[PDB]
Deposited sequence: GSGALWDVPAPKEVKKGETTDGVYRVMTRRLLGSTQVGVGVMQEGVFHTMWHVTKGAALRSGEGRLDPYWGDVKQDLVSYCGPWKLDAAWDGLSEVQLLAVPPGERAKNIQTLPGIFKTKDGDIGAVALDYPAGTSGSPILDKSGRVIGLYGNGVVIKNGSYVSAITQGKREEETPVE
């Protein structure tokens, strides 16, 4: 239904709960897999059918292929456009940490917002989405660090 680009809350009905967040871009809804787990979505009247998904990337798109291809430059600060449950969309600026894997380095933001913020877009200074928030690790005590998870066009 709602075709418009922008950030979206993904909601569920038992009452109602926000389980995650997503990005609509060029007619495709991008979110993280663990949020929807490949379940179809309702956009008002219409329905969004799953198009592509990958558990290892923890990503899933609807109505079309993955459209987000921008990446962190490994230097500049980014902004988490966090959409917390019951809260207005807000931009949190931060300098990304680094996930050092055997297959290369991944940008990582040391921000810890509620589970319903999963899938919130991470933006560069141009306003382009360089990744989604909600998949990472835990250091010490409650200190969650999320990778900047991006797919491929």
Coverage holes, deposited numbering, ordered by position, sit at 1-16, 31-32, 172-178
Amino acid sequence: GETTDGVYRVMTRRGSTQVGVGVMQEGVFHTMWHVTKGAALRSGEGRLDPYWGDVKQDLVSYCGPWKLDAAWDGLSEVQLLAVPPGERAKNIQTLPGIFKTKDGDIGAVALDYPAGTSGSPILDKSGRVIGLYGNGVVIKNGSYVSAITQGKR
From here on, numbers count along this sequence of modelled residues.
Once average C-alpha B-factors are taken from the entry for 32-40 and 45-53, the winner is 45-53
Comparing 1-9 with 144-152, the higher average Cα temperature factor in the PDB entry belongs to 1-9
Top Cα B-factor in this entry, restricted to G20, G131, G15, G136, sits on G15
In this crystal structure's PDB entry, the residue among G104, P85, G107, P121 with the greatest CA B factor is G104
Here the Cα B-factor of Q93, set against its chain, lands in the third termed middle
